[PDB]
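There is one chain below, alone, in structure tokens, taken in the form deposited without the partner chain.
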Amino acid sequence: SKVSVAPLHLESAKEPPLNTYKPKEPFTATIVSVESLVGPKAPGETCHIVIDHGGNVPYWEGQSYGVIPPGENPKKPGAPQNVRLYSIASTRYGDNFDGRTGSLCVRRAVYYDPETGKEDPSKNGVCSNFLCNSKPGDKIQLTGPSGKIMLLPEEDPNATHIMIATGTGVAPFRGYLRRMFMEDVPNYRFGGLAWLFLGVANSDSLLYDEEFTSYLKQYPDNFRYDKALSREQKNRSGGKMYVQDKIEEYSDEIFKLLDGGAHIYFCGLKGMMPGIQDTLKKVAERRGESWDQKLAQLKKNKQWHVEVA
């Protein structure tokens, strides 16, 4: 059955926390664990980081933490580094079900010369490698939380939520789905449909696949799960199989759900959105509908939720 969580007073706030800690006086949190999420054939390393905030930096699902990596702003001598934002991949109770930790899902940004393939560590991403290089007991400068675009609408506990992720864009949806299915939250009993679409390079690049597959067996009437493995599968048109191609496979069901009030969420690569728009336009055209008019209505009805970078 569902996992007991504490403390219940995390359900009492009527508004999400915002900017509890600011860049000039961050919260000094402590690393609990860092682990790789991926196998040896993944094109890059993605890690799962558990951070002890001690209850001092609570958040709601869908929000982000800021991390200030150590060192000096290169474009501003004497200044600290700029904040980098990370979508929180845990529920408000965290991976230890106690309200004391939050988790991040972090892709290592690594530079390769585009002609020779030669790596250059000096051009690697600062914060992402700082995080995935961290060890238990290391300190992390935390800011935030921030963000409201990806808060989960809970007014209707039987709503439908269609979740479209590329890579580490899966992060908020891990939190959504643990709250919907894993945790014993008496004041949110989800009875709708949650449908996760996840695009990653290959099987070794899957993120939290065991957890999501377990929801298929535990909640077969409330959860659906489809994967697009871009370097292991090809789409109808001959391109790499992307999430937009998986959406097209279920176009009629998805459009019916949207017409019925479903929420739809997009998180991950900003580059996926032009392809998704192109696919949805083509689907609409085949149905004899205008995607522009449909998208305008979805935005007006607050059904359309995008956070990409």
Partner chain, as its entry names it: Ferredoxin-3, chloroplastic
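Numbering follows the first chain given and starts at 1.
Heads up, the form solved in complex with the partner chain isn't pictured, but that's what we're talking about next.
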Which one of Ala109, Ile149, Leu216, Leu193 is close to the partner chain in the deposited bound form, taking close to mean a heavy atom within 4.5 Å? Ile149
Exercise: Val126 in contact with the partner chain in the deposited bound form, heavy atom 4.5 Å: no
Though only this chain appears here, would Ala296 touch the partner chain in the deposited bound form if you measure heavy atom gaps against 4.5 Å? no
Determine whether any heavy atom of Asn19 comes within 4.5 Å of a heavy atom of the partner chain in the deposited bound form, and answer yes or no. yes
Even though the partner isn't displayed, in the deposited bound form is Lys24 close enough to the partner chain, meaning a heavy atom within 4.5 Å? yes
Stretch in contact in the deposited bound form with the partner chain, which is absent here, among 132-140, 185-193, 79-87, 167-175 (heavy atoms within 4.5 Å): 79-87
